[PDB]
Amino acid sequence: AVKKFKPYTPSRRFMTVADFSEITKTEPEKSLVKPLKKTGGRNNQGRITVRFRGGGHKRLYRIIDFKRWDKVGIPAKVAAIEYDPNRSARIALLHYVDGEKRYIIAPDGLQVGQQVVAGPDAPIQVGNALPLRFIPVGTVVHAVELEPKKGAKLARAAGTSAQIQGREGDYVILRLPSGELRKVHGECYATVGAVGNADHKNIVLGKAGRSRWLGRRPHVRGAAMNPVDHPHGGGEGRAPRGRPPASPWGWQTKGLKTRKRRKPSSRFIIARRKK
Amino acid sequence: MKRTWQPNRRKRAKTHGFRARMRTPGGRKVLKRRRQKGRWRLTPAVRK
RNA sequence: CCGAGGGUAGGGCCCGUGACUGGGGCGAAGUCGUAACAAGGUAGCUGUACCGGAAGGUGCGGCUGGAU
RNA sequence: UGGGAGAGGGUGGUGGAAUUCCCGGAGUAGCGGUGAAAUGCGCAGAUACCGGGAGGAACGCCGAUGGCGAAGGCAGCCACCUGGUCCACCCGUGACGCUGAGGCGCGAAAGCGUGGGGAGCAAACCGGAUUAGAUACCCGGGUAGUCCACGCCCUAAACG
RNA sequence: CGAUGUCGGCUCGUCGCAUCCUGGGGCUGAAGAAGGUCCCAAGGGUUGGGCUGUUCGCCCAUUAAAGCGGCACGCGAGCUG
RNA sequence: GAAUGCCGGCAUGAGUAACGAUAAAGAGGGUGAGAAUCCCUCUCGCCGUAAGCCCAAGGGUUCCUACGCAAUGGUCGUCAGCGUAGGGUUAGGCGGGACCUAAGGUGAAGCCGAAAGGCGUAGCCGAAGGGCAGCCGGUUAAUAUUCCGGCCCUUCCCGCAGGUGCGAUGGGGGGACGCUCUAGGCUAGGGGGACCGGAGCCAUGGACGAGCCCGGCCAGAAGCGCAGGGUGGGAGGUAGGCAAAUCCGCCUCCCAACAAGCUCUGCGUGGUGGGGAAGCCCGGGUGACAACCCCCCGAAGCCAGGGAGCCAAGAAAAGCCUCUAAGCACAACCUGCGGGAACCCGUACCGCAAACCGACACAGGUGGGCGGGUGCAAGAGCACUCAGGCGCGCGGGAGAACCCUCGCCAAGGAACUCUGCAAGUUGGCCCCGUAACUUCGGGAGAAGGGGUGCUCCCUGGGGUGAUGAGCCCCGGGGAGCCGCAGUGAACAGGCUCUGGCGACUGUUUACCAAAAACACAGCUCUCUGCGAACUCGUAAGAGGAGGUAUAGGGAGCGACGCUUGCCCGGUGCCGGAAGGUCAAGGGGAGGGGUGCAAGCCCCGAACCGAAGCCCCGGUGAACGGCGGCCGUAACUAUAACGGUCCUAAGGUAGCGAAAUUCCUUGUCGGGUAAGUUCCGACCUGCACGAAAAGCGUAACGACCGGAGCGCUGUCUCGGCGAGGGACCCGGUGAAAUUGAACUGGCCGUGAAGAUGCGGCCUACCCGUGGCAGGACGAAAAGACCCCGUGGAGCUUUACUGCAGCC
RNA sequence: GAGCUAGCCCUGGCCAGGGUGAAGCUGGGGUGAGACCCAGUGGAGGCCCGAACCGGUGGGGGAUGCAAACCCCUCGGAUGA
Ligand SMILES: CC(C)C[C@@H]1CCO[C@@H]2[C@H](CN[C@@H]2C(=O)N[C@H]2[C@H]3O[C@H](SC[C@H](F)C/C=C\[C@H]2C)[C@H](O)[C@@H](O)[C@H]3O)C1
Ligand SMILES: [Mg+2]
Ligand SMILES: [Mg+2]
Ligand SMILES: [Mg+2]
Ligand SMILES: [Mg+2]
Ligand SMILES: [Mg+2]
Ligand SMILES: [Mg+2]
Ligand SMILES: [Mg+2]
Ligand SMILES: [Mg+2]
Ligand SMILES: [Mg+2]
Ligand SMILES: [Mg+2]
Ligand SMILES: [Mg+2]
Ligand SMILES: [Mg+2]
Ligand SMILES: [Mg+2]
Ligand SMILES: [Mg+2]
Ligand SMILES: [Mg+2]
Ligand SMILES: [Mg+2]
Ligand SMILES: [Mg+2]
Ligand SMILES: [Mg+2]
Ligand SMILES: [Mg+2]
Ligand SMILES: [Mg+2]
Ligand SMILES: [Mg+2]
Ligand SMILES: [Mg+2]
Ligand SMILES: [Mg+2]
Ligand SMILES: [Mg+2]
Ligand SMILES: [Mg+2]
Ligand SMILES: [Mg+2]
Ligand SMILES: [Mg+2]
Ligand SMILES: [Mg+2]
Ligand SMILES: [Mg+2]
Ligand SMILES: [Mg+2]
Ligand SMILES: [Mg+2]
Ligand SMILES: [Mg+2]
Ligand SMILES: [Mg+2]
Ligand SMILES: [Mg+2]
Ligand SMILES: [Mg+2]
Ligand SMILES: [Mg+2]
Ligand SMILES: [Mg+2]
Ligand SMILES: [Mg+2]
Ligand SMILES: [Mg+2]
Ligand SMILES: [Mg+2]
Ligand SMILES: [Mg+2]
Ligand SMILES: [Mg+2]
Ligand SMILES: [Mg+2]
Ligand SMILES: [Mg+2]
Ligand SMILES: [Mg+2]
Ligand SMILES: [Mg+2]
Ligand SMILES: [Mg+2]
Ligand SMILES: [Mg+2]
Ligand SMILES: [Mg+2]
Ligand SMILES: [Mg+2]
Ligand SMILES: [Mg+2]
Ligand SMILES: [Mg+2]
Ligand SMILES: [Mg+2]
Ligand SMILES: [Mg+2]
Ligand SMILES: [Mg+2]
Ligand SMILES: [Mg+2]
Ligand SMILES: [Mg+2]
Ligand SMILES: [Mg+2]
Ligand SMILES: [Mg+2]
Ligand SMILES: [Mg+2]
Ligand SMILES: [Mg+2]
Ligand SMILES: [Mg+2]
Ligand SMILES: [Mg+2]
Ligand SMILES: [Mg+2]
Ligand SMILES: [Mg+2]
Ligand SMILES: [Mg+2]
Ligand SMILES: [Mg+2]
Ligand SMILES: [Mg+2]
Ligand SMILES: [Mg+2]
Ligand SMILES: [Mg+2]
Ligand SMILES: [Mg+2]
Ligand SMILES: [Mg+2]
Ligand SMILES: [Mg+2]
Ligand SMILES: [Mg+2]
Ligand SMILES: [Mg+2]
Ligand SMILES: [Mg+2]
Ligand SMILES: [Mg+2]
Ligand SMILES: [Mg+2]
Ligand SMILES: [Mg+2]
Ligand SMILES: [Mg+2]
Ligand SMILES: [Mg+2]
Ligand SMILES: [Mg+2]
Ligand SMILES: [Mg+2]
Ligand SMILES: [Mg+2]
Ligand SMILES: [Mg+2]
Ligand SMILES: [Mg+2]
Ligand SMILES: [Mg+2]
Ligand SMILES: [Mg+2]
Ligand SMILES: [Mg+2]
Ligand SMILES: [Mg+2]
Ligand SMILES: [Mg+2]
Ligand SMILES: [Mg+2]
Ligand SMILES: [Mg+2]
Ligand SMILES: [Mg+2]
Ligand SMILES: [Mg+2]
Ligand SMILES: [Mg+2]
Ligand SMILES: [Mg+2]
Ligand SMILES: [Mg+2]
Ligand SMILES: [Mg+2]
Ligand SMILES: [Mg+2]
Ligand SMILES: [Mg+2]
Ligand SMILES: [Mg+2]
Ligand SMILES: [Mg+2]
Ligand SMILES: [Mg+2]
Ligand SMILES: [Mg+2]
Ligand SMILES: [Mg+2]
Ligand SMILES: [Mg+2]
Ligand SMILES: [Mg+2]
Ligand SMILES: [Mg+2]
Ligand SMILES: [Mg+2]
Ligand SMILES: [Mg+2]
Ligand SMILES: [Mg+2]
Ligand SMILES: [Mg+2]
Ligand SMILES: [Mg+2]
Ligand SMILES: [Mg+2]
Ligand SMILES: [Mg+2]
Ligand SMILES: [Mg+2]
Ligand SMILES: [Mg+2]
Ligand SMILES: [Mg+2]
Ligand SMILES: [Mg+2]
Ligand SMILES: [Mg+2]
Ligand SMILES: [Mg+2]
Ligand SMILES: [Mg+2]
Ligand SMILES: [Mg+2]
Ligand SMILES: [Mg+2]
Ligand SMILES: [Mg+2]
Ligand SMILES: [Mg+2]
Ligand SMILES: [Mg+2]
Ligand SMILES: [Mg+2]
Ligand SMILES: [Mg+2]
Ligand SMILES: [Mg+2]
Ligand SMILES: [Mg+2]
Ligand SMILES: [Mg+2]
Ligand SMILES: [Mg+2]
Ligand SMILES: [Mg+2]
Ligand SMILES: [Mg+2]
Ligand SMILES: [Mg+2]
Ligand SMILES: [Mg+2]
Ligand SMILES: [Mg+2]
Ligand SMILES: [Mg+2]
Ligand SMILES: [Mg+2]
Ligand SMILES: [Mg+2]
Ligand SMILES: [Mg+2]
Ligand SMILES: [Mg+2]
Ligand SMILES: [Mg+2]
Ligand SMILES: [Mg+2]
Ligand SMILES: [Mg+2]
Ligand SMILES: [Mg+2]
Ligand SMILES: [Mg+2]
Ligand SMILES: [Mg+2]
Ligand SMILES: [Mg+2]
Ligand SMILES: [Mg+2]
Ligand SMILES: [Mg+2]
Ligand SMILES: [Mg+2]
Ligand SMILES: [Mg+2]
Ligand SMILES: [Mg+2]
Ligand SMILES: [Mg+2]
Ligand SMILES: [Mg+2]
Ligand SMILES: [Mg+2]
Ligand SMILES: [Mg+2]
Ligand SMILES: [Mg+2]
Ligand SMILES: [Mg+2]
Ligand SMILES: [Mg+2]
Ligand SMILES: [Mg+2]
Ligand SMILES: [Mg+2]
Ligand SMILES: [Mg+2]
Ligand SMILES: [Mg+2]
Ligand SMILES: [Mg+2]
Ligand SMILES: [Mg+2]
Ligand SMILES: [Mg+2]
Ligand SMILES: [Mg+2]
Ligand SMILES: [Mg+2]
Ligand SMILES: [Mg+2]
Ligand SMILES: [Mg+2]
Ligand SMILES: [Mg+2]
Ligand SMILES: [Mg+2]
Ligand SMILES: [Mg+2]
Ligand SMILES: [Mg+2]
Ligand SMILES: [Mg+2]
Ligand SMILES: [Mg+2]
Ligand SMILES: [Mg+2]
Ligand SMILES: [Mg+2]
Ligand SMILES: [Mg+2]
Ligand SMILES: [Mg+2]
Ligand SMILES: [Mg+2]
Ligand SMILES: [Mg+2]
Ligand SMILES: [Mg+2]
Ligand SMILES: [Mg+2]
Ligand SMILES: [Mg+2]
Ligand SMILES: [Mg+2]
Ligand SMILES: [Mg+2]
Ligand SMILES: [Mg+2]
Ligand SMILES: [Mg+2]
Ligand SMILES: [Mg+2]
Ligand SMILES: [Mg+2]
Ligand SMILES: [Mg+2]
Ligand SMILES: [Mg+2]
Ligand SMILES: [Mg+2]
Ligand SMILES: [Mg+2]
Ligand SMILES: [Mg+2]
Ligand SMILES: [Mg+2]
Ligand SMILES: [Mg+2]
Ligand SMILES: [Mg+2]
Ligand SMILES: [Mg+2]
Ligand SMILES: [Mg+2]
Ligand SMILES: [Mg+2]
Ligand SMILES: [Mg+2]
Ligand SMILES: [Mg+2]
Ligand SMILES: [Mg+2]
Ligand SMILES: [Mg+2]
Ligand SMILES: [Mg+2]
Ligand SMILES: [Mg+2]
Ligand SMILES: [Mg+2]
Ligand SMILES: [Mg+2]
Ligand SMILES: [Mg+2]
Ligand SMILES: [Mg+2]
Ligand SMILES: [Mg+2]
Ligand SMILES: [Mg+2]
Ligand SMILES: [Mg+2]
Ligand SMILES: [Mg+2]
Ligand SMILES: [Mg+2]
Ligand SMILES: [Mg+2]
Ligand SMILES: [Mg+2]
Ligand SMILES: [Mg+2]
Ligand SMILES: [Mg+2]
Ligand SMILES: [Mg+2]
Ligand SMILES: [Mg+2]
Ligand SMILES: [Mg+2]
Ligand SMILES: [Mg+2]
Ligand SMILES: [Mg+2]
Ligand SMILES: [Mg+2]
Ligand SMILES: [Mg+2]
Ligand SMILES: [Mg+2]
Ligand SMILES: [Mg+2]
Ligand SMILES: [Mg+2]
Ligand SMILES: [Mg+2]
Ligand SMILES: [Mg+2]
Ligand SMILES: [Mg+2]
Ligand SMILES: [Mg+2]
Ligand SMILES: [Mg+2]
Ligand SMILES: [Mg+2]
Ligand SMILES: [Mg+2]
Ligand SMILES: [Mg+2]
Ligand SMILES: [Mg+2]
Ligand SMILES: [Mg+2]
Ligand SMILES: [Mg+2]
Ligand SMILES: [Mg+2]
Ligand SMILES: [Mg+2]
Ligand SMILES: [Mg+2]
Ligand SMILES: [Mg+2]
Ligand SMILES: [Mg+2]
Ligand SMILES: [Mg+2]
Ligand SMILES: [Mg+2]
Ligand SMILES: [Mg+2]
């Protein structure tokens, strides 16, 4: 439920902030946080390899449990729902009856005080995690492993989910957040429900400095540069593209497909994405 | 106005020091050349 | 002290007028088409939307004040 | 107090028919369309037929000259929440009534905002016909929209 | 071309006369007044403003008149820009 | 003898410019061969959120003392950051190391690369971050939290006592954290005192006073007090914290809970140890048995790991505590106490500057802390002042032009000019009051006005204290006084109307452009299913991201509002298992060479044979593009209408002489006495037009345009005055430039603009202050222009390669 | 060679004083319940004014400079990109 501001500054006109109404705890679990090495887009050579990065707020990384088949059959209680600055989803704190404490991505609907459980036997309930094969067809699911025991890979951002469409041998057919239809192996785990905080996409950053807080440095158009810099650079006055619109490195950037031709996973993609 | 030389003993020893030169093929050629030329100092002085 | 009024500054309402511009009314015999009245030759009207020299047309939903 | 009928409203489920698209099979010289055609589609294998799948929308028969609502309006089926209303008994209150400038709420369609959805249909638009013309009627396409949520708009041959 | 700074303005002048005014004339289709045209004449004079970077030009208000040209389209080791 | 030659020397310019902030000097005494310049005294001025004081860098003896003055010092010099010599820097507690980790760096394992080398988990290094024990005073010419004095403390070793399951690089707890706002209580610091201490003072008309002037504290162990921080206790279960665990985590039960207790800091007090002014007298002595007290103000510092709110969600590791494992429980560890032990490096001095970075004793640059008082609403602003530190290392005169910086100006008031450029005006606070428009915030300090000192009287509330007095803080009313004038000095908006552009705050060409440019939230297209795409790299490996389509890359557009039309023929991209073409390879009809021959060797057609291209489609917020001629209405004119050619389609809405309009100062209207600019219209748009977005838009802008009011030395049109220079004298003393010079005007001549040639004219020799017409003056081997089969950046459907991708 | 300058990473530090007065909260009003209104409290913001600090808009000076970019007056930001 995005929060608005009155227009008492030029920027407060349009700025919207998340309501934080599901958050029940506001400092993280000390045993589950570790320092997040900020990069600024620089690789091990020190070269910028992803432009316009750096300068964002400091962050601690919350270790997230993307396996859950770690602890089959062991119920846990949802102790808290917490803000995670490293991802769009919120995160839920789990207290296992083990005494072990872990973080999961917080699905929509999940409540503090309810219990979740992982395993082939687990009830089909929001927050439980089962192998894909034991989830009934038609079930909305998130935090999906792409390959068995390799870790949850798909549908992790706020509001996203995959839907189960059917089974075909050892595999299930998922409709991913992108609308692609893909065969994912049935022993891959998934968590029942959609990821929460679906209002994330309606946040209006509102001002330039808000992008700066997030580590996003200003992005400068090719058309603003010189020919030394960019295909779209130069010209007297403004200039249209004057050639097929291109990236700084010369490749076409309006339509040109880029998935590797002979990639082995093509056997498992049924239909490319939609809209 | 702020000029270009802003001395700093740690910066000097770590950039041009003896150990910086020995760590690298190019740096060792520097020491080799300055020895062959007979330089009284192979490396800049800094008071550490 | 108050004080006719004069001065300075800023408001409100009304009247007249203005390059140009909007449509309206009227005007014996102009130009274009033929929308409506017969099922008016696509039943008509309608609120709305979009479009078209023009009347109009078309979409959606409504009315019979529609014929057979 | 005790009963009844009902597409009255809201929510969430869920059932089959049909259209479209995808896949597999089978099969070949046309299909479609009209007043007649053409555009379109089809040997790069269409149409027609069979099995599988996805998805949206609308609910055939019952169905009526029917029923419900204050009106706008409401139609598969199920459950829940809820309004109105009628009848019987003649039990309670004791005129506590009628209307109602303002106010408030409701208000078909189209339209608007933000998300979502999108099968069919279809303003705009394109093409094919027709015609003196044809910014139409007819044909092949087709974007909004038609659908859902929330928020607006507040119109009507909102009529008996 | 081992550089002769380029438009306009400002400042400062000085010169020519094919004279705008003022002085002297002849002719007039010169009654007077006022003009026209030509001759002599360079002593002095030849305004303020609106517009534009402007030179120029148009306009306002005047004036005896609001001259036209040369001086590296006078003048940036004088200024402006 | 020339090369703007090279090296050196020495001239010219010239006793010229200058002598480095306009904070400022004068006199007496002394020293000395010599004194504006050194020392001392008195007087004057300057800084005082510094121009004072303390750290950190960097510098490296510059520190102190004696003896010196050749050079260095912009003059002088007896002086000096200079020369010579001697002296000077003292630590278990300050800083760093024998402690910890951060980025990063390095790197057993391992990975990769022709070589060189590149990576890389642990580990190691790495600090201004974490951690850790010293405060006050005295002393030296020069060091001091270092020496000394007083009072405190830390670790290591060993011993004694008491206690305990002791024991770790392993487990756990803790360390451990943001931004804004902020409570209570304190401290630093400060103000006042009619109280306490003090050498003295009475002046010049008055004052012997509840007079003036000076000072009225600092550190301190335990204990105690005040204020805070941290922290539940017990039991039972237990499968998690990669072994174990009595610890931690999770479950349950009992009790405690805005407490308390325990613990830990801060402040206060505290044995004790110190300090102690003016003034006077020669840094010292005295004052002095110095006194050392009360009230008020009060932090941004402390208690602190405090509290609240918010979103952008805020290091690590060790010290420390707890758990246990090998082990070992004659040990070991814990607590107390005692004795012993306690290393290396730095320490001088400068440090907003004459000692650092700028070639200079250079008006520039340099991070942290302290930074007193009064008044002005506040404040680190401003004026003046304390402590402290300076008068800026050439002076003395004069009182021209001219220049700079500054003050004023009769009448006028933008007439100045490209332009109100510049300079006026306005200016703080309190109160009254405030428009279109608007996105309801704003526009707004709109505009425009009134008030402002001092005195007396009456009075309201708050803080401290006690509820009072005193002190302190916000006020209210009445009556008066003075001046030209009361934010009386200093610091402190001119305003309005209307266009263009850009939404806005931001960013930029270091050193000629700050803007309309870039960025920006927002909108759209597009790629990307994760070992993602993309990027850097030969690779390994990284980034992307410990992210996962509500995400990430690329591209354009640029808040917001209302919108974004038609063309897919060409180019691009997307789809298309057919067909055409298509390399290596397959195939081998059929030939050829050689050999006696078996053979060996060579050429080789059909046909099979990828991507790409052809071909069929799609696609515009992909590259792009969006017509011509002729005719027509009952006045004329003009054409709603028509004809025909052409195209892939012929520009829609909106806007338009525009940041675009050539003709052009279009035409008309407004504004002006007058308007090439401006605003409003018209539309024959040379040559607008819809995300290289179209049209608007409140608010914003050191943007660019037009107007008005206010006010002015901008101007008519200049005048006077101030200081710093210019000028003169003493000291010191450059520069570019320079073929040599005994270097005049005119009219001619000349390579076409002559001091230098001809003919005239004019002219005694040599300077000083000035002005800039000439020496085609200086400066820079023209940056425009061309030329060179000269170079370099950039582009592309130029050529040819290469990476990359297929 | 990044001791200048550009960006990023780690760790510290700094931003006098004054002004405006968002959300929320409380109370009150309102209603069937609401929305909502008013008052108080509150202290938000690439908010406002203005030092330090960071800039460099206009003009003047300087131009063999104090200075190979300085000086004076004026001006922009100053809790934030
Ligand atoms: C239509 C025009 C283009 C014709 C043109 C005009 C240019 O100038 C002349 C040329 C002929 N030669 C002339 C020439 O070269 N002037 C140069 C001058 O540069 C500076 S003046 C600072 C100026 F800002 C630069 C202006 C001029 C530079 C080039 C020197 O101090 C001067 O001595 C002098 O050298 C003719
Ligand atoms: Mg908002
Ligand atoms: Mg609002
Ligand atoms: Mg939430
Ligand atoms: Mg940790
Ligand atoms: Mg990283
Ligand atoms: Mg590395
Ligand atoms: Mg990149
Ligand atoms: Mg980057
Ligand atoms: Mg994310
Ligand atoms: Mg989150
Ligand atoms: Mg799989
Ligand atoms: Mg968004
Ligand atoms: Mg961030
Ligand atoms: Mg971004
Ligand atoms: Mg950009
Ligand atoms: Mg550009
Ligand atoms: Mg550019
Ligand atoms: Mg480059
Ligand atoms: Mg290139
Ligand atoms: Mg290029
Ligand atoms: Mg280009
Ligand atoms: Mg360009
Ligand atoms: Mg152009
Ligand atoms: Mg450009
Ligand atoms: Mg082009
Ligand atoms: Mg291209
Ligand atoms: Mg896909
Ligand atoms: Mg610099
Ligand atoms: Mg240098
Ligand atoms: Mg530096
Ligand atoms: Mg150093
Ligand atoms: Mg250092
Ligand atoms: Mg360094
Ligand atoms: Mg190095
Ligand atoms: Mg070194
Ligand atoms: Mg080598
Ligand atoms: Mg070697
Ligand atoms: Mg030697
Ligand atoms: Mg060396
Ligand atoms: Mg009167
Ligand atoms: Mg009709
Ligand atoms: Mg008809
Ligand atoms: Mg009809
Ligand atoms: Mg008809
Ligand atoms: Mg139509
Ligand atoms: Mg076939
Ligand atoms: Mg579908
Ligand atoms: Mg009864
Ligand atoms: Mg309605
Ligand atoms: Mg569709
Ligand atoms: Mg057609
Ligand atoms: Mg016909
Ligand atoms: Mg030339
Ligand atoms: Mg020369
Ligand atoms: Mg020249
Ligand atoms: Mg020259
Ligand atoms: Mg002038
Ligand atoms: Mg005359
Ligand atoms: Mg006459
Ligand atoms: Mg004359
Ligand atoms: Mg003119
Ligand atoms: Mg002209
Ligand atoms: Mg006359
Ligand atoms: Mg002339
Ligand atoms: Mg000429
Ligand atoms: Mg000419
Ligand atoms: Mg000239
Ligand atoms: Mg000239
Ligand atoms: Mg000049
Ligand atoms: Mg000139
Ligand atoms: Mg000259
Ligand atoms: Mg000259
Ligand atoms: Mg010779
Ligand atoms: Mg020379
Ligand atoms: Mg030479
Ligand atoms: Mg020579
Ligand atoms: Mg030489
Ligand atoms: Mg020489
Ligand atoms: Mg010699
Ligand atoms: Mg010499
Ligand atoms: Mg001389
Ligand atoms: Mg002289
Ligand atoms: Mg001279
Ligand atoms: Mg000089
Ligand atoms: Mg000088
Ligand atoms: Mg000064
Ligand atoms: Mg001065
Ligand atoms: Mg003297
Ligand atoms: Mg002297
Ligand atoms: Mg002397
Ligand atoms: Mg002196
Ligand atoms: Mg002295
Ligand atoms: Mg005296
Ligand atoms: Mg002071
Ligand atoms: Mg000497
Ligand atoms: Mg001397
Ligand atoms: Mg001497
Ligand atoms: Mg000597
Ligand atoms: Mg000297
Ligand atoms: Mg000097
Ligand atoms: Mg002597
Ligand atoms: Mg010493
Ligand atoms: Mg010691
Ligand atoms: Mg040791
Ligand atoms: Mg270490
Ligand atoms: Mg190895
Ligand atoms: Mg190699
Ligand atoms: Mg290191
Ligand atoms: Mg270390
Ligand atoms: Mg340290
Ligand atoms: Mg220490
Ligand atoms: Mg101590
Ligand atoms: Mg001594
Ligand atoms: Mg913590
Ligand atoms: Mg933390
Ligand atoms: Mg920290
Ligand atoms: Mg924050
Ligand atoms: Mg307080
Ligand atoms: Mg104290
Ligand atoms: Mg005080
Ligand atoms: Mg256990
Ligand atoms: Mg004493
Ligand atoms: Mg004594
Ligand atoms: Mg502070
Ligand atoms: Mg670490
Ligand atoms: Mg054992
Ligand atoms: Mg034993
Ligand atoms: Mg113990
Ligand atoms: Mg040692
Ligand atoms: Mg020392
Ligand atoms: Mg300074
Ligand atoms: Mg400092
Ligand atoms: Mg000094
Ligand atoms: Mg000096
Ligand atoms: Mg200096
Ligand atoms: Mg003040
Ligand atoms: Mg001085
Ligand atoms: Mg000074
Ligand atoms: Mg001086
Ligand atoms: Mg004189
Ligand atoms: Mg004055
Ligand atoms: Mg006066
Ligand atoms: Mg005057
Ligand atoms: Mg005036
Ligand atoms: Mg006036
Ligand atoms: Mg003017
Ligand atoms: Mg100008
Ligand atoms: Mg003034
Ligand atoms: Mg003022
Ligand atoms: Mg108005
Ligand atoms: Mg108003
Ligand atoms: Mg206005
Ligand atoms: Mg307006
Ligand atoms: Mg308003
Ligand atoms: Mg005012
Ligand atoms: Mg008053
Ligand atoms: Mg007075
Ligand atoms: Mg008076
Ligand atoms: Mg102001
Ligand atoms: Mg802007
Ligand atoms: Mg801009
Ligand atoms: Mg704009
Ligand atoms: Mg805008
Ligand atoms: Mg700002
Ligand atoms: Mg620049
Ligand atoms: Mg430049
Ligand atoms: Mg430069
Ligand atoms: Mg400039
Ligand atoms: Mg510029
Ligand atoms: Mg600016
Ligand atoms: Mg820019
Ligand atoms: Mg913008
Ligand atoms: Mg989008
Ligand atoms: Mg690469
Ligand atoms: Mg990572
Ligand atoms: Mg992106
Ligand atoms: Mg926009
Ligand atoms: Mg932009
Ligand atoms: Mg349109
Ligand atoms: Mg096309
Ligand atoms: Mg096409
Ligand atoms: Mg195409
Ligand atoms: Mg092929
Ligand atoms: Mg083109
Ligand atoms: Mg084209
Ligand atoms: Mg026009
Ligand atoms: Mg325009
Ligand atoms: Mg144009
Ligand atoms: Mg024009
Ligand atoms: Mg023109
Ligand atoms: Mg005109
Ligand atoms: Mg007019
Ligand atoms: Mg206009
Ligand atoms: Mg026209
Ligand atoms: Mg474009
Ligand atoms: Mg353009
Ligand atoms: Mg476009
Ligand atoms: Mg509007
Ligand atoms: Mg605007
Ligand atoms: Mg505006
Ligand atoms: Mg601006
Ligand atoms: Mg700005
Ligand atoms: Mg600006
Ligand atoms: Mg003057
Ligand atoms: Mg003077
Ligand atoms: Mg003399
Ligand atoms: Mg001399
Ligand atoms: Mg000398
Ligand atoms: Mg000679
Ligand atoms: Mg001679
Ligand atoms: Mg001579
Ligand atoms: Mg002569
Ligand atoms: Mg000639
Ligand atoms: Mg001549
Ligand atoms: Mg001569
Ligand atoms: Mg001669
Ligand atoms: Mg001769
Ligand atoms: Mg001769
Ligand atoms: Mg001669
Ligand atoms: Mg002669
Ligand atoms: Mg003569
Ligand atoms: Mg002289
Ligand atoms: Mg002279
Ligand atoms: Mg001259
Ligand atoms: Mg001259
Ligand atoms: Mg000359
Ligand atoms: Mg010459
Ligand atoms: Mg000359
Ligand atoms: Mg040369
Ligand atoms: Mg040349
Ligand atoms: Mg040159
Ligand atoms: Mg150039
Ligand atoms: Mg040429
Ligand atoms: Mg050639
Ligand atoms: Mg040639
Ligand atoms: Mg060439
Ligand atoms: Mg080249
Ligand atoms: Mg190659
Ligand atoms: Mg690629
Ligand atoms: Mg650097
Ligand atoms: Mg740096
Ligand atoms: Mg910081
Ligand atoms: Mg600040
Ligand atoms: Mg308030
Ligand atoms: Mg609150
Ligand atoms: Mg601000
Ligand atoms: Mg203000
Ligand atoms: Mg600067
Ligand atoms: Mg400046
Ligand atoms: Mg100025
Ligand atoms: Mg210069
Ligand atoms: Mg100033
Ligand atoms: Mg400000
Ligand atoms: Mg501030």
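Per chain, numbering begins at 1; letters A, B, ... match sequence-line order.
- For the pair A:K37 and F:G546, the criterion of a side-chain N or O lying under 4.0 Å from OP1 or OP2 is not met.
- Contact check of residues 228-236 of chain A against RNA chain F (heavy atom, cut-off under 4.0 Å) returns A:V228, A:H230, A:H232.
- The aromatic ring of B:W5 does not sit over the base of G:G3, since the test of centres under 5.5 Å and planes under 30° is not met.
- Of the residues in residues 151-174 of chain A, A:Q163, A:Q165 come within less than 4.0 Å of RNA chain D through at least one heavy atom, sorted by number.
- Axis orientation changes by 10° from one end of the helix from F:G453-F:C481 to F:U464-F:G470 to the other, with each end axis drawn from 5 pairs and the value rounded to 10°.
- A:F52 meets the ring pair (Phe, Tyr, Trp, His ring centres under 6.0 Å) test with A:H219; sequence neighbours excluded.
- Under 3.5 Å, the side chain of A:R238 and the base of F:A692 form no donor-acceptor pair of N or O atoms.
- A:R272 has a side-chain polar atom (N or O) that falls below the 4.0 Å cut-off from OP1 or OP2 of F:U528.
- Near RNA chain F, meaning a heavy atom under 4.0 Å from it, residues 20-47 of chain B has B:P25, B:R28, B:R47 in order of number.
- A:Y8 places its OH atom 11 Å from the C1' atom of G:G43, with the value rounded to the nearest Å.
- Contacts of residues 111-150 of chain A with RNA chain F (heavy atom under 4.0 Å): A:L146, A:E147, A:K150.
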